[PDB]
Every structure is written in C-alpha cells, then in structure tokens.
Amino acid sequence: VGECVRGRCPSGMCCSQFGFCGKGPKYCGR
Ligand SMILES: CC(=O)N[C@@H]1[C@@H](O)[C@H](O[C@@H]2O[C@H](CO)[C@@H](O[C@@H]3O[C@H](CO)[C@@H](O)[C@H](O)[C@H]3NC(C)=O)[C@H](O)[C@H]2NC(C)=O)[C@@H](CO)O[C@H]1O
C-alpha cells in the first residue's frame, strides 16, 4: 500500500526508489 504507478501517485505525493509514495525524505527529498 502506497505504491506508485512506477513513478507517480495521486495529486500531492512524491515517489521513491522502490516506487512507493509520500511527502517524506526518500519520497520527495523531504
Ligand atoms: C541511501 C539509500 O538509498 N539506501 C538504500 C536503501 O534505501 C534500500 O532499502 C530500501 O529502501 C526503500 C526506499 O528507497 C524502502 O522502501 C519502502 O518499501 C516498503 C515496502 O513495503 C514500503 O512500504 C515503504 O513505503 C517504502 N518507503 C519509501 C521511503 O519508499 C525499502 O523498504 C528498503 N528495503 C527493502 C528490502 O524493502 C536498500 C535496499 O534496497 O539499498 C540501500 O542502498
């Protein structure tokens, strides 16, 4: 859960190096 479409997620998240998403360090650089 929280997995990107291999680079993106819904309107506001950023995506990680496993392709999970959020607005924390490894998701958005912060
Ligand atoms: C400096 C660096 O990049 N170090 C590498 C480690 O980060 C990496 O571990 C894996 O990191 C990723 C994030 O980049 C982890 O992602 C998490 O994956 C879980 C899976 O259920 C997910 O729920 C989380 O949301 C997601 N978080 C983020 C922030 O994306 C992942 O868990 C780490 N390892 C494993 C085995 O799952 C390791 C190994 O890949 O390498 C370092 O070089």
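Residues numbered from 1 in each chain as written, not as in the entry; some residues may be left out. Heavy atoms only, no water.

Listed as the method for this PDB entry is solution NMR.

### A few points about the state of the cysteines
Stated formally: Note on disulfides: each one is a pair of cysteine sulfur atoms within 2.5 Å. Numbered from the N terminus, helices here are DSSP runs of H or I no shorter than four residues, and strands are runs of E no shorter than two. Categorising residues by exposure relies on relative accessible area from a 1.4 Å probe, with only protein chains included: less than 20% of the type maximum marks a residue as buried, more than 50% marks it as exposed, and the intermediate range marks it as partly exposed.
One pass over the full model with this rule turns up three disulfides. With a sulfur-sulfur separation of 2.0 Å, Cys-4 is cross-linked through a disulfide to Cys-15. As the torsion about the S-S bond is roughly 120°, the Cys-4-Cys-15 disulfide counts as right-handed. A residue pair is termed long-range when its members are at least 10 positions apart, and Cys-4 in the segment before β1 (14-15) and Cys-15 in strand β1 qualify at 11 residues. Residue classification places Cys-4 among the buried residues on the basis of a relative accessible area of 6%.

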